[PDB]
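In what follows, a single structure is set out as structure tokens and then discussed.
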Amino acid sequence: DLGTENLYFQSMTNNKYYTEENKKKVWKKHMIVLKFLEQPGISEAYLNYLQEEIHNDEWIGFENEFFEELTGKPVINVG
Amino acid sequence: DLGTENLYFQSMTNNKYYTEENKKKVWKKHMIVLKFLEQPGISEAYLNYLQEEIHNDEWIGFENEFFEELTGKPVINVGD
């Protein structure tokens, strides 16, 4: 709803919480969302979102990750 | 489309790739998707997805994370 800040997101900006417990939790919740993004309709809406969001200068420090998502590059590096 | 597996997903199942480089990359791509999920429409579709997916026995070892997503719990644990 209008005017709310996403406290859960703001937590992820603070290196204090970048612990081994939370990195594992995020990795697994990411795998969960990845399967949602395969759903008909959602993939196309996600890409539309990415095309707008890459212009948003609030995402400073995320340039490589955005480029990768925007271009359909692997989620992780397999070496 | 039919019969393809998500090779990117399958990589994430192998502990060989659970490196500090990839954990950081995943954390940031997760933050990117989190803002997408705030978009009108998407939030409701995600929850509908979760309600089906929790019965999918293929997600063994993910029980706590699913429960948390299904019930709107914090993405990460902030102690305090």
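Chains as they are written, first to last, in my numbering: chain B, 2 to 80; chain W, 274 to 353.
Just so you know, even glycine gets a beta-carbon here, dropped at the ideal spot from N, CA and C.
Whole-angstrom C-beta distance between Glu22(B) and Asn350(W), which should lie under 8 Å: 6 Å
Closer than 7 Å: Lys30(B) CB and nearest the ligand PLP heavy atom: Ligands are entirely absent from the displayed structure, and the ligand PLP is therefore not among its contents.
Chain W within 8 Å of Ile61(B), Cβ atoms only: Closer than 8 Å: no.
Secondary structure of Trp332(W), DSSP reduced to three states: coil
CA-to-CA distance, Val34(B) to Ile43(B), given in whole angstroms: 11 Å
Interface flag, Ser316(W) vs chain B, CB-CB below 8 Å: no
With 16 other Cβ atoms within 10 Å as the buried cut-off, status of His31(B): Classification for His31(B): buried.
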